[PDB]
Each structure stands twice: as structure tokens, then as C-alpha cells.
file structure.txt (compact mmCIF, C-alpha atoms and all ligand atoms)
# COMPACT_ATOMS: atom_id res chain seq x y z
CA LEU H 1 0.00 0.00 0.00
CA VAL H 2 1.58 3.28 -1.18
CA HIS H 3 -0.06 6.64 -0.61
CA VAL H 4 1.39 9.25 -2.93
CA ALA H 5 0.79 12.88 -2.02
CA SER H 6 -1.29 14.62 -4.70
CA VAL H 7 -1.60 18.40 -4.46
CA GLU H 8 -5.22 19.60 -4.55
CA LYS H 9 -5.59 20.60 -8.18
CA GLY H 10 -4.45 24.15 -8.90
CA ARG H 11 -3.65 25.05 -5.28
CA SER H 12 -0.50 26.64 -3.96
CA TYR H 13 0.97 27.99 -0.73
CA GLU H 14 -1.22 31.08 -0.64
CA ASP H 15 -4.39 28.98 -0.84
CA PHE H 16 -3.34 26.92 2.17
CA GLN H 17 -2.33 30.09 4.04
CA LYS H 18 -5.96 31.21 3.64
CA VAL H 19 -7.15 27.97 5.26
CA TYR H 20 -4.61 28.44 8.07
CA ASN H 21 -5.89 31.98 8.55
CA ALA H 22 -9.53 30.85 8.77
CA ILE H 23 -8.63 28.24 11.41
CA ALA H 24 -6.57 30.85 13.30
CA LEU H 25 -9.35 33.48 13.20
CA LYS H 26 -11.85 30.97 14.53
CA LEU H 27 -9.41 29.93 17.28
CA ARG H 28 -9.23 33.60 18.28
CA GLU H 29 -13.03 33.95 18.26
CA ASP H 30 -13.99 30.78 20.14
CA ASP H 31 -12.08 31.62 23.29
CA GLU H 32 -14.64 30.32 25.81
CA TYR H 33 -14.43 26.63 24.89
CA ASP H 34 -13.52 24.24 27.71
CA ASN H 35 -13.63 26.87 30.45
CA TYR H 36 -11.62 29.42 28.51
CA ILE H 37 -8.88 27.13 27.20
CA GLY H 38 -10.04 27.57 23.60
CA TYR H 39 -9.84 24.97 20.83
CA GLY H 40 -6.05 24.93 20.37
CA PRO H 41 -5.32 21.84 22.49
CA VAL H 42 -8.15 19.70 21.11
CA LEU H 43 -7.04 20.52 17.54
CA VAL H 44 -3.51 19.35 18.37
CA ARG H 45 -4.92 16.15 19.84
CA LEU H 46 -7.12 15.63 16.76
CA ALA H 47 -4.13 15.99 14.40
CA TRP H 48 -2.21 13.44 16.49
CA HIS H 49 -5.07 10.90 16.71
CA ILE H 50 -5.77 10.95 12.98
CA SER H 51 -2.04 10.31 12.42
CA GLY H 52 -1.43 7.88 15.29
CA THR H 53 -3.46 5.04 13.77
CA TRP H 54 -0.58 4.42 11.36
CA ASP H 55 1.08 1.02 11.25
CA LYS H 56 4.54 1.14 9.64
CA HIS H 57 4.41 -2.57 8.81
CA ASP H 58 1.55 -2.38 6.25
CA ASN H 59 0.88 1.38 5.81
CA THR H 60 -2.65 1.12 7.15
CA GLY H 61 -4.09 4.07 9.05
CA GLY H 62 -2.24 7.38 9.16
CA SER H 63 -3.37 10.89 8.25
CA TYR H 64 -3.47 10.42 4.48
CA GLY H 65 -6.98 9.10 3.95
CA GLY H 66 -8.94 11.45 6.20
CA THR H 67 -10.76 8.43 7.63
CA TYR H 68 -11.67 10.11 10.94
CA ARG H 69 -14.72 11.39 9.01
CA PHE H 70 -16.15 7.84 9.10
CA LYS H 71 -18.13 6.61 12.08
CA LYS H 72 -15.93 3.64 12.99
CA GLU H 73 -13.02 6.01 13.67
CA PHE H 74 -15.05 9.02 14.88
CA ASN H 75 -16.64 6.71 17.50
CA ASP H 76 -13.36 5.09 18.66
CA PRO H 77 -13.43 5.32 22.48
CA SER H 78 -9.82 6.58 22.24
CA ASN H 79 -11.16 9.58 20.27
CA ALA H 80 -13.84 10.63 22.79
CA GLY H 81 -13.93 14.43 22.87
CA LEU H 82 -12.36 14.96 19.45
CA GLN H 83 -15.81 15.52 17.95
CA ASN H 84 -15.43 19.04 19.36
CA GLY H 85 -12.43 19.59 17.11
CA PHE H 86 -14.22 18.12 14.12
CA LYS H 87 -17.18 20.43 14.67
CA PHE H 88 -14.81 23.41 14.93
CA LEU H 89 -13.29 22.52 11.55
CA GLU H 90 -16.64 22.01 9.78
CA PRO H 91 -17.20 25.69 8.86
CA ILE H 92 -13.57 25.85 7.70
CA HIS H 93 -14.17 22.93 5.35
CA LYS H 94 -17.37 24.61 4.10
CA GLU H 95 -15.39 27.77 3.29
CA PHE H 96 -12.63 25.74 1.53
CA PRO H 97 -14.31 22.61 0.13
CA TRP H 98 -11.34 21.88 -2.11
CA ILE H 99 -9.05 20.84 0.79
CA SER H 100 -8.85 17.14 1.65
CA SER H 101 -9.98 15.93 5.07
CA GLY H 102 -6.55 14.70 6.09
CA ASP H 103 -4.97 17.98 4.99
CA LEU H 104 -7.57 19.91 7.02
CA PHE H 105 -7.24 17.83 10.20
CA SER H 106 -3.42 17.93 10.12
CA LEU H 107 -3.35 21.63 9.26
CA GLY H 108 -5.61 22.29 12.26
CA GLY H 109 -2.90 20.94 14.54
CA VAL H 110 -0.14 22.95 12.91
CA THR H 111 -2.24 26.11 13.09
CA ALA H 112 -3.04 25.52 16.73
CA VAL H 113 0.58 25.03 17.75
CA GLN H 114 1.74 28.17 15.94
CA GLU H 115 -1.13 30.35 17.12
CA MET H 116 -0.42 29.21 20.71
CA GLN H 117 3.09 30.71 20.25
CA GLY H 118 4.74 27.37 19.57
CA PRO H 119 7.39 26.65 16.96
CA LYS H 120 6.78 26.88 13.25
CA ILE H 121 5.82 23.43 11.96
CA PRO H 122 6.49 22.85 8.28
CA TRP H 123 3.45 21.28 6.63
CA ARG H 124 2.94 19.51 3.32
CA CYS H 125 -0.28 19.22 1.36
CA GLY H 126 -1.54 16.32 -0.73
CA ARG H 127 -3.33 13.89 1.53
CA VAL H 128 -6.22 12.35 -0.49
CA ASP H 129 -9.52 11.15 0.97
CA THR H 130 -9.87 7.36 0.80
CA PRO H 131 -13.07 5.29 1.12
CA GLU H 132 -14.82 4.08 4.25
CA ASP H 133 -13.39 0.57 3.98
CA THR H 134 -9.85 1.99 4.46
CA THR H 135 -10.74 3.21 7.96
CA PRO H 136 -8.50 1.51 10.55
CA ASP H 137 -10.14 -0.49 13.32
CA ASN H 138 -10.23 0.94 16.82
CA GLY H 139 -7.46 0.06 19.25
CA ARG H 140 -4.40 1.53 17.54
CA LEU H 141 -4.11 4.58 19.82
CA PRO H 142 -2.21 4.26 23.11
CA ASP H 143 -3.39 3.37 26.62
CA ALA H 144 -2.50 5.80 29.44
CA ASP H 145 -2.23 3.31 32.34
CA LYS H 146 1.05 1.76 31.19
CA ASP H 147 4.81 2.08 31.74
CA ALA H 148 7.85 3.27 29.78
CA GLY H 149 8.37 -0.05 28.00
CA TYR H 150 4.81 0.10 26.69
CA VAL H 151 5.32 3.69 25.48
CA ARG H 152 8.56 2.81 23.70
CA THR H 153 7.01 -0.23 22.01
CA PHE H 154 3.89 1.66 21.06
CA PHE H 155 5.75 4.50 19.40
CA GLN H 156 8.02 2.18 17.46
CA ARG H 157 4.93 1.24 15.42
CA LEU H 158 4.96 4.93 14.34
CA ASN H 159 8.71 4.83 13.69
CA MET H 160 9.39 7.21 16.56
CA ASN H 161 12.52 6.94 18.71
CA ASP H 162 13.12 8.03 22.30
CA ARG H 163 13.82 11.69 21.53
CA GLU H 164 10.76 11.91 19.29
CA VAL H 165 8.55 10.29 21.94
CA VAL H 166 9.72 12.61 24.71
CA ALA H 167 9.39 15.69 22.46
CA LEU H 168 5.89 14.78 21.27
CA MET H 169 4.73 14.22 24.85
CA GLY H 170 5.45 17.86 25.65
CA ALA H 171 2.11 18.62 24.04
CA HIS H 172 0.66 17.44 27.35
CA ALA H 173 1.33 20.94 28.70
CA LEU H 174 -1.75 21.84 26.61
CA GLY H 175 -5.38 21.52 27.50
CA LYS H 176 -6.72 19.12 30.11
CA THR H 177 -7.86 15.60 30.74
CA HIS H 178 -11.63 15.22 31.15
CA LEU H 179 -13.07 12.40 33.26
CA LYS H 180 -16.00 11.86 30.89
CA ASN H 181 -13.72 11.48 27.82
CA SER H 182 -10.83 9.37 29.10
CA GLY H 183 -11.28 8.58 32.80
CA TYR H 184 -8.55 11.10 33.79
CA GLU H 185 -9.00 14.61 35.22
CA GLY H 186 -6.98 17.77 35.34
CA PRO H 187 -4.38 19.90 33.54
CA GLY H 188 -0.67 19.23 33.14
CA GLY H 189 0.25 22.75 34.24
CA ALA H 190 -0.73 26.42 34.45
CA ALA H 191 -0.09 27.69 30.93
CA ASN H 192 -2.33 25.25 29.09
CA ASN H 193 -3.12 27.26 25.95
CA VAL H 194 0.36 28.66 25.31
CA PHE H 195 2.96 26.25 23.92
CA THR H 196 5.96 25.97 26.31
CA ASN H 197 8.26 23.39 27.90
CA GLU H 198 6.18 23.38 31.10
CA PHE H 199 5.42 19.65 30.88
CA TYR H 200 9.06 18.80 31.52
CA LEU H 201 9.57 21.40 34.23
CA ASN H 202 6.49 20.12 36.03
CA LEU H 203 7.53 16.48 35.75
CA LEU H 204 10.85 17.31 37.39
CA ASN H 205 9.90 20.00 39.90
CA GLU H 206 6.42 19.20 41.23
CA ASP H 207 5.68 17.10 44.29
CA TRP H 208 3.70 14.24 42.70
CA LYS H 209 1.36 11.93 44.65
CA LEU H 210 -0.05 8.76 43.09
CA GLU H 211 -3.85 8.77 43.56
CA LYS H 212 -6.86 6.84 42.26
CA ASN H 213 -9.34 9.29 40.64
CA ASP H 214 -13.18 9.22 40.61
CA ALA H 215 -13.16 6.88 37.57
CA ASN H 216 -10.98 4.45 39.58
CA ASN H 217 -7.87 5.10 37.48
CA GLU H 218 -4.41 5.89 38.82
CA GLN H 219 -2.90 9.28 38.08
CA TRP H 220 -0.13 11.41 39.58
CA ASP H 221 -1.37 14.64 41.18
CA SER H 222 0.64 17.62 42.43
CA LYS H 223 0.08 20.07 45.24
CA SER H 224 -0.36 22.78 42.57
CA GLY H 225 -3.38 20.98 41.09
CA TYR H 226 -1.63 19.45 38.06
CA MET H 227 -1.73 15.83 36.91
CA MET H 228 0.33 13.34 34.95
CA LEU H 229 -0.84 10.10 33.37
CA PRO H 230 1.11 6.95 34.25
CA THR H 231 2.56 7.07 30.72
CA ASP H 232 3.69 10.69 31.30
CA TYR H 233 5.27 9.80 34.65
CA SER H 234 7.07 6.90 32.98
CA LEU H 235 9.24 9.49 31.21
CA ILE H 236 10.98 10.20 34.53
CA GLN H 237 11.08 6.54 35.58
CA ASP H 238 12.99 5.29 32.52
CA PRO H 239 16.63 6.49 32.60
CA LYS H 240 16.85 7.21 28.86
CA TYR H 241 13.61 9.19 28.82
CA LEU H 242 14.59 11.04 32.00
CA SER H 243 17.78 12.35 30.42
CA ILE H 244 15.77 13.86 27.55
CA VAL H 245 13.12 15.31 29.90
CA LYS H 246 15.95 17.15 31.71
CA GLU H 247 17.29 18.45 28.41
CA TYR H 248 13.93 19.94 27.40
CA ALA H 249 13.22 21.31 30.88
CA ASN H 250 16.56 23.14 30.64
CA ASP H 251 16.16 24.33 27.02
CA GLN H 252 12.79 25.30 25.57
CA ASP H 253 14.38 26.24 22.22
CA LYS H 254 15.71 22.70 21.81
CA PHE H 255 12.31 21.28 22.77
CA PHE H 256 10.64 23.50 20.14
CA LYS H 257 13.06 22.36 17.43
CA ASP H 258 12.64 18.68 18.26
CA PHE H 259 8.87 18.92 18.67
CA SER H 260 8.51 20.62 15.30
CA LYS H 261 10.43 17.83 13.55
CA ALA H 262 8.63 15.00 15.39
CA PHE H 263 5.18 16.51 14.85
CA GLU H 264 5.77 16.99 11.14
CA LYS H 265 7.04 13.39 10.95
CA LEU H 266 3.97 12.14 12.81
CA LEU H 267 1.62 14.00 10.46
CA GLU H 268 3.48 12.72 7.38
CA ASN H 269 3.92 9.06 8.30
CA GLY H 270 2.67 6.79 5.54
CA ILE H 271 2.85 9.44 2.82
CA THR H 272 5.21 9.27 -0.14
CA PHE H 273 6.03 12.75 -1.39
CA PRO H 274 7.09 12.78 -5.04
CA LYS H 275 10.59 14.20 -5.42
CA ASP H 276 9.08 17.11 -7.42
CA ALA H 277 6.27 17.90 -4.87
CA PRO H 278 6.27 21.43 -3.41
CA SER H 279 8.69 22.04 -0.57
CA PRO H 280 7.06 22.06 2.89
CA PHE H 281 5.07 25.20 3.63
CA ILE H 282 5.76 27.41 6.63
CA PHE H 283 2.64 29.40 7.34
CA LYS H 284 2.74 32.89 8.69
CA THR H 285 0.85 33.46 11.94
CA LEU H 286 -2.02 35.93 11.96
CA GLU H 287 0.29 38.27 13.89
CA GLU H 288 2.97 38.06 11.20
CA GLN H 289 0.35 39.09 8.61
CA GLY H 290 -1.20 41.92 10.65
CA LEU H 291 -4.53 40.04 10.79
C1 LIG M 1 1.49 7.52 25.29
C2 LIG M 1 0.99 8.45 24.47
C3 LIG M 1 -0.24 9.29 24.85
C4 LIG M 1 -1.24 9.00 25.68
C5 LIG M 1 -1.46 7.71 26.50
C6 LIG M 1 -2.15 10.10 25.71
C7 LIG M 1 -3.31 10.20 26.45
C8 LIG M 1 -4.10 11.31 26.57
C9 LIG M 1 -5.31 11.41 27.36
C10 LIG M 1 -5.90 10.25 28.18
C11 LIG M 1 -5.78 12.66 27.19
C12 LIG M 1 -7.04 13.27 27.79
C13 LIG M 1 -8.22 13.21 26.81
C14 LIG M 1 -9.45 13.84 27.44
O1 LIG M 1 -9.81 13.40 28.57
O2 LIG M 1 -10.05 14.77 26.85
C15 LIG M 1 -4.86 13.37 26.34
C16 LIG M 1 -5.02 14.68 25.96
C17 LIG M 1 -4.23 15.38 25.09
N1 LIG M 1 -3.30 14.77 24.32
FE1 LIG M 1 -2.35 12.98 24.69
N2 LIG M 1 -1.64 11.09 24.91
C18 LIG M 1 -0.49 10.59 24.30
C19 LIG M 1 0.30 11.27 23.39
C20 LIG M 1 0.01 12.50 22.84
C21 LIG M 1 0.72 13.11 21.74
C22 LIG M 1 1.86 12.41 20.99
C23 LIG M 1 0.18 14.31 21.52
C24 LIG M 1 0.51 15.35 20.44
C25 LIG M 1 1.74 15.68 20.06
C26 LIG M 1 -0.90 14.49 22.47
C27 LIG M 1 -1.67 15.60 22.63
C28 LIG M 1 -2.67 15.80 23.54
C29 LIG M 1 -3.30 17.05 23.79
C30 LIG M 1 -2.98 18.38 23.16
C31 LIG M 1 -4.34 16.78 24.82
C32 LIG M 1 -5.30 17.80 25.41
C33 LIG M 1 -6.64 17.76 24.68
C34 LIG M 1 -7.70 18.67 25.25
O3 LIG M 1 -7.42 19.50 26.12
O4 LIG M 1 -8.87 18.53 24.78
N3 LIG M 1 -0.99 13.35 23.24
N4 LIG M 1 -3.88 12.51 25.94
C1 LIG M 2 -3.81 17.61 29.49
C2 LIG M 2 -2.91 16.44 29.74
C3 LIG M 2 -2.96 15.32 28.94
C4 LIG M 2 -2.13 14.26 29.21
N1 LIG M 2 -1.26 14.33 30.22
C5 LIG M 2 -1.18 15.40 31.01
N2 LIG M 2 -0.24 15.42 31.98
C6 LIG M 2 -2.01 16.48 30.78

call {"tool": "encode", "arguments": {"input": "structure.txt", "output": "C-alpha cells"}}
result
Amino acid sequence: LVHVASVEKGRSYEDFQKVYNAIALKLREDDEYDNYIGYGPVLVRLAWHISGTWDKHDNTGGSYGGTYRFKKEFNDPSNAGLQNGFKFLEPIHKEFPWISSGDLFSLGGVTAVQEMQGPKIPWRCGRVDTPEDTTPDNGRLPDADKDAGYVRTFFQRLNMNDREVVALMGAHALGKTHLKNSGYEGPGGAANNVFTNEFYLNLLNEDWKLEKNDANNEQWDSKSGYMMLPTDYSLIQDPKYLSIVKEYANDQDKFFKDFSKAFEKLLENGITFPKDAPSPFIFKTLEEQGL
């Protein structure tokens, strides 16, 4: 199974910048969502979950086909809550019907990171919608109740190595866990709609207490009112992961650089880009455009 990127016919950088801008303007407008967090975090999570179904062994799943639009995937228990992100993107898709679903969902994540003052994330177009029978079965996204060995093995299916895993997990500074979605509750830190290295600082510097929450699941809770999943906490239990956590806690610029690379890789897994495809796009923020 090969998925070759195919640019939406007649479209170029400036067209995709317009889609970026529409997402970014709506992010600005819809500032009350989830008790004033806004939609940035859920859009990042959506971009990751539509990509994280990939299996490197047979090229099933991945962002290419836009299959989250089909009920089997939309209704995956692992995706509970992401319907909010999908609904946010609906008016964007109506305004720009020419964009593919996978391009829209992945671009939502890029837009969110940049508009939350994160690093620039280069982004490539050309994902092509595939039919309902190409939708991956549920169960390919990761469990949260597990240890470092589970995390390492899981992410190897996505061709991610230790540095990429630790960098990607820094997105857990964003947003919050919701008991009704996942059986976990609380934020990872204070600045949960601005992209920073706070996840790593909090892992290292907070006083964490293992507790069983109201859904009967174990999570690590700090005196400051933050939480970590068991899979998050595993990053300071495993010696190799811990070394990288320290690096990113000490150097936000390095975290930004590594996150940008890993997130682009995640969003592009499974896609073959022809050697004459456009170079990756770097979208201007609204601020950079005076909008
Ligand atoms: C071992 C891997 C991971 C596990 C087990 C995991 C698990 C979870 C869980 C249980 C939630 C809470 C969902 C809810 O209750 O609404 C969550 C939220 C989130 N996840 Fe992860 N995650 C993983 C990796 C990632 C990665 C790689 C990214 C992106 C780079 C990511 C981005 C996010 C974001 C931004 C949220 C907040 C969403 C919101 O506020 O609505 N996660 N994750
Ligand atoms: C919001 C969030 C998600 C996952 N892990 C955390 N520590 C925080």
C-alpha cells in the first residue's frame, strides 16, 4: 500500500495560508471553549489521533486518507472528545471545500501550535480522501495506564525513537484531561493554551502523589493541582527518557526544534512525497500578517 501525495488541483501555498488563517481566526473567536482554554489543544490532539493510527508494517491508518470522518473512527473510544475539534473545523471545510480531510485535520494541529506561540511546523499538502473501507479499526491509539516499556514499544509502530517520543509528549502541557472522555481529570500545568516546555519542568519540579481518581484510574497529582498520566510519569522513571526530559526542561528552544520535527514526521507518516512535490510550507501566523 503506497499513498502518494497529490496536491489539490491548482492550489499553492497562498491557498493553504488562507485555510490556516480561517482556522486561526476561529481559534481567536472561540475563546470560551472548555472553560476558557479555547480549541487549540483539542485541535492538536485531533491531528495526532488521525495520524497515530498508522502502522509502519503495512501502511494502514495514518493521516493520508482522512478516515476520521467515518463513524468507525469518529466513535473510537480513544477519540472521545475529538468531535469538538471536528465540529470546529466544519465551517472551515465549508469555506474551503477543495481541501482534503486529512490535509484539514493535520493543518488544524499545525495552526493551533503556531497560534499558541509554539514553533513553526512545516506542513505539506496532498493527503487524499480514501473510502470508508480503508478506515483503521479501533485500538491503535495508546493506553494511558502503562509504563515506559509500553510507550517505547507503542511509538516504534509509528517509527518514533526516544527523543521523538519525549518531544511529542510535551504537548501534554496543553489543554486538560476530562473524566467523561478518558477517565482522567486535570491539567498538566498552568499555561495550558500557550505552547511551552512546562510539561518537563512540572515532571521534574512538582511534588507528585499517586492517587486513584473518581473513575478508579491511577494518576499522579501535584500540590499545585496538576496531573500526569502513568505514561507521562514513565518518562521520569525510565533512565533514557529522564535524560531527555531534563534536556527539554533546561532548554525550551531545543524542545521547540525537536517537537517541530517530530510533529511533522507524525503528520506525514505513511505518505510518499514525489521528489518534485512542493517544498514544505511554513505558514505565517495571523500576527505576522497583521490580521
Ligand atoms: C502515550 C501516548 C499518549 C497517551 C497515552 C495520551 C493520552 C491522553 C489522554 C488520556 C488525554 C485526555 C483526553 C481527554 O480526557 O479529553 C490526552 C489529551 C491530550 N493529548 Fe495525549 N496522549 C499521548 C500522546 C500524545 C501526543 C503524541 C500528543 C501530540 C503531540 C498528544 C496531545 C494531547 C493534547 C494536546 C491533549 C489535550 C486535549 C484537550 O485538552 O482537549 N498526546 N492525551
Ligand atoms: C492535558 C494532559 C494530557 C495528558 N497528560 C497530562 N499530563 C495532561

call {"tool": "atom_distance", "arguments": {"input": "structure.txt", "atom1": "atom CA of residue 99 of chain H", "atom2": "atom CA of residue 66 of chain H"}}
result
10.8 Å

call {"tool": "residues_around", "arguments": {"input": "structure.txt", "residues": "segment 161-168 of chain H", "least_positions_apart": "5", "cutoff": "9 Å", "atoms": "only C-alpha atoms", "output": "ChimeraX atom specification"}}
result
/H:151-152,155-156,235,240-242,244-245,248,255-256,258-263

call {"tool": "residues_near_ligand", "arguments": {"input": "structure.txt", "ligand": "ligand LIG 1 (chain M)", "cutoff": "7 Å", "atoms": "all atoms listed in the file", "output": "ChimeraX atom specification"}}
result
/H:41-42,44-45,48,80-81,142-144,151,168-169,171-172,174-185,231,263

call {"tool": "closest_residue", "arguments": {"input": "structure.txt", "among": "H:100, H:222, H:75, H:126", "to": "ligand LIG 2 (chain M)", "atoms": "all atoms listed in the file"}}
result
H:222

call {"tool": "residues_around", "arguments": {"input": "structure.txt", "residues": "residue 135 of chain H", "least_positions_apart": "6", "cutoff": "9 Å", "atoms": "only C-alpha atoms", "output": "PyMOL selection string"}}
result
chain H and resi 60-61+65-68+70+72-73

call {"tool": "residues_around", "arguments": {"input": "structure.txt", "residues": "residue 3 of chain H", "least_positions_apart": "6", "cutoff": "9 Å", "atoms": "all atoms listed in the file", "output": "JSON, numbers by chain"}}
result
{"H": [59, 64, 65, 127, 128, 270, 271, 272, 273]}

call {"tool": "write_last_selection", "arguments": {"input": "structure.txt", "atoms": "C-alpha atoms", "output": "PDB file, in the frame of the given file"}}
result
ATOM      1  CA  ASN H  59       0.880   1.380   5.810  1.00  0.00           C
ATOM      2  CA  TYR H  64      -3.470  10.420   4.480  1.00  0.00           C
ATOM      3  CA  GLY H  65      -6.980   9.100   3.950  1.00  0.00           C
ATOM      4  CA  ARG H 127      -3.330  13.890   1.530  1.00  0.00           C
ATOM      5  CA  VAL H 128      -6.220  12.350  -0.490  1.00  0.00           C
ATOM      6  CA  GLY H 270       2.670   6.790   5.540  1.00  0.00           C
ATOM      7  CA  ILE H 271       2.850   9.440   2.820  1.00  0.00           C
ATOM      8  CA  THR H 272       5.210   9.270  -0.140  1.00  0.00           C
ATOM      9  CA  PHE H 273       6.030  12.750  -1.390  1.00  0.00           C
TER      10      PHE H 273
END

call {"tool": "closest_residue", "arguments": {"input": "structure.txt", "among": "H:85, H:119, H:189, H:97", "to": "ligand LIG 2 (chain M)", "atoms": "all atoms listed in the file"}}
result
H:189

call {"tool": "atom_distance", "arguments": {"input": "structure.txt", "atom1": "atom CA of residue 158 of chain H", "atom2": "atom CA of residue 121 of chain H"}}
result
18.7 Å

call {"tool": "closest_residue", "arguments": {"input": "structure.txt", "among": "H:251, H:221, H:32, H:147", "to": "ligand LIG 2 (chain M)", "atoms": "all atoms listed in the file"}}
result
H:221

call {"tool": "atom_distance", "arguments": {"input": "structure.txt", "atom1": "atom CA of residue 93 of chain H", "atom2": "atom CA of residue 290 of chain H"}}
result
23.6 Å

call {"tool": "closest_residue", "arguments": {"input": "structure.txt", "among": "H:215, H:267, H:148, H:37", "to": "ligand LIG 2 (chain M)", "atoms": "only C-alpha atoms and all ligand atoms"}}
result
H:37

call {"tool": "residues_near_point", "arguments": {"input": "structure.txt", "point": "(-2.4, 25.0, 10.9)", "cutoff": "8 Å", "atoms": "only C-alpha atoms", "output": "short mmCIF file (atom, residue, chain, number, x, y, z; two decimals) with C-alpha atoms, keeping the file's coordinate frame"}}
result
data_model
loop_
_atom_site.label_atom_id
_atom_site.label_comp_id
_atom_site.auth_asym_id
_atom_site.auth_seq_id
_atom_site.Cartn_x
_atom_site.Cartn_y
_atom_site.Cartn_z
CA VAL H 19 -7.15 27.97 5.26
CA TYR H 20 -4.61 28.44 8.07
CA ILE H 23 -8.63 28.24 11.41
CA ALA H 24 -6.57 30.85 13.30
CA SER H 106 -3.42 17.93 10.12
CA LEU H 107 -3.35 21.63 9.26
CA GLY H 108 -5.61 22.29 12.26
CA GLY H 109 -2.90 20.94 14.54
CA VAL H 110 -0.14 22.95 12.91
CA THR H 111 -2.24 26.11 13.09
CA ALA H 112 -3.04 25.52 16.73
CA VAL H 113 0.58 25.03 17.75
CA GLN H 114 1.74 28.17 15.94
CA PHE H 283 2.64 29.40 7.34
#

call {"tool": "residues_around", "arguments": {"input": "structure.txt", "residues": "residue 220 of chain H", "least_positions_apart": "5", "cutoff": "10 Å", "atoms": "only C-alpha atoms", "output": "VMD selection string"}}
result
chain H and resid 203 207 to 213 226 to 230 232 to 233

call {"tool": "closest_residue", "arguments": {"input": "structure.txt", "among": "H:274, H:40, H:102, H:52", "to": "ligand LIG 2 (chain M)", "atoms": "only C-alpha atoms and all ligand atoms"}}
result
H:40

call {"tool": "closest_residue", "arguments": {"input": "structure.txt", "among": "H:12, H:196, H:219, H:79", "to": "ligand LIG 2 (chain M)", "atoms": "only C-alpha atoms and all ligand atoms"}}
result
H:219

call {"tool": "decode", "arguments": {"input": "structure.txt", "residues": "segment 89-101 of chain H", "atoms": "N, CA, C and O atoms", "output": "mmCIF file, in the first residue's frame"}}
result
data_model
loop_
_atom_site.group_PDB
_atom_site.id
_atom_site.type_symbol
_atom_site.label_atom_id
_atom_site.label_comp_id
_atom_site.auth_asym_id
_atom_site.auth_seq_id
_atom_site.Cartn_x
_atom_site.Cartn_y
_atom_site.Cartn_z
ATOM 1 N N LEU H 89 -13.824 22.483 12.901
ATOM 2 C CA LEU H 89 -13.290 22.525 11.550
ATOM 3 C C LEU H 89 -14.358 22.482 10.461
ATOM 4 O O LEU H 89 -14.063 22.814 9.316
ATOM 5 N N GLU H 90 -15.581 22.087 10.788
ATOM 6 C CA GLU H 90 -16.642 22.010 9.780
ATOM 7 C C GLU H 90 -16.861 23.309 8.990
ATOM 8 O O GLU H 90 -16.873 23.267 7.762
ATOM 9 N N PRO H 91 -17.046 24.456 9.639
ATOM 10 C CA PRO H 91 -17.196 25.695 8.863
ATOM 11 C C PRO H 91 -15.959 26.051 8.044
ATOM 12 O O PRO H 91 -16.100 26.681 6.999
ATOM 13 N N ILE H 92 -14.775 25.639 8.492
ATOM 14 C CA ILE H 92 -13.575 25.848 7.703
ATOM 15 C C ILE H 92 -13.667 25.031 6.411
ATOM 16 O O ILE H 92 -13.373 25.527 5.322
ATOM 17 N N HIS H 93 -14.066 23.774 6.529
ATOM 18 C CA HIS H 93 -14.172 22.930 5.352
ATOM 19 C C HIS H 93 -15.236 23.458 4.394
ATOM 20 O O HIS H 93 -15.075 23.385 3.184
ATOM 21 N N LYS H 94 -16.315 24.019 4.932
ATOM 22 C CA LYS H 94 -17.366 24.615 4.100
ATOM 23 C C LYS H 94 -16.826 25.806 3.312
ATOM 24 O O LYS H 94 -17.188 25.998 2.145
ATOM 25 N N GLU H 95 -15.968 26.607 3.932
ATOM 26 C CA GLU H 95 -15.392 27.770 3.287
ATOM 27 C C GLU H 95 -14.364 27.352 2.226
ATOM 28 O O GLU H 95 -14.186 28.065 1.228
ATOM 29 N N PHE H 96 -13.683 26.222 2.436
ATOM 30 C CA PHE H 96 -12.634 25.741 1.528
ATOM 31 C C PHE H 96 -12.889 24.281 1.176
ATOM 32 O O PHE H 96 -12.157 23.398 1.609
ATOM 33 N N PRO H 97 -13.938 24.004 0.390
ATOM 34 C CA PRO H 97 -14.313 22.610 0.130
ATOM 35 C C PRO H 97 -13.266 21.808 -0.636
ATOM 36 O O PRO H 97 -13.301 20.584 -0.632
ATOM 37 N N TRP H 98 -12.355 22.508 -1.293
ATOM 38 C CA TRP H 98 -11.335 21.876 -2.106
ATOM 39 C C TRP H 98 -10.256 21.157 -1.288
ATOM 40 O O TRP H 98 -9.538 20.331 -1.850
ATOM 41 N N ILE H 99 -10.098 21.481 -0.002
ATOM 42 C CA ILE H 99 -9.049 20.838 0.787
ATOM 43 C C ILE H 99 -9.474 19.430 1.193
ATOM 44 O O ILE H 99 -10.644 19.178 1.472
ATOM 45 N N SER H 100 -8.540 18.494 1.207
ATOM 46 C CA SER H 100 -8.851 17.140 1.647
ATOM 47 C C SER H 100 -9.053 17.098 3.159
ATOM 48 O O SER H 100 -8.604 17.993 3.886
ATOM 49 N N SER H 101 -9.741 16.067 3.635
ATOM 50 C CA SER H 101 -9.977 15.927 5.066
ATOM 51 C C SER H 101 -8.691 15.753 5.856
ATOM 52 O O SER H 101 -8.520 16.396 6.878
#
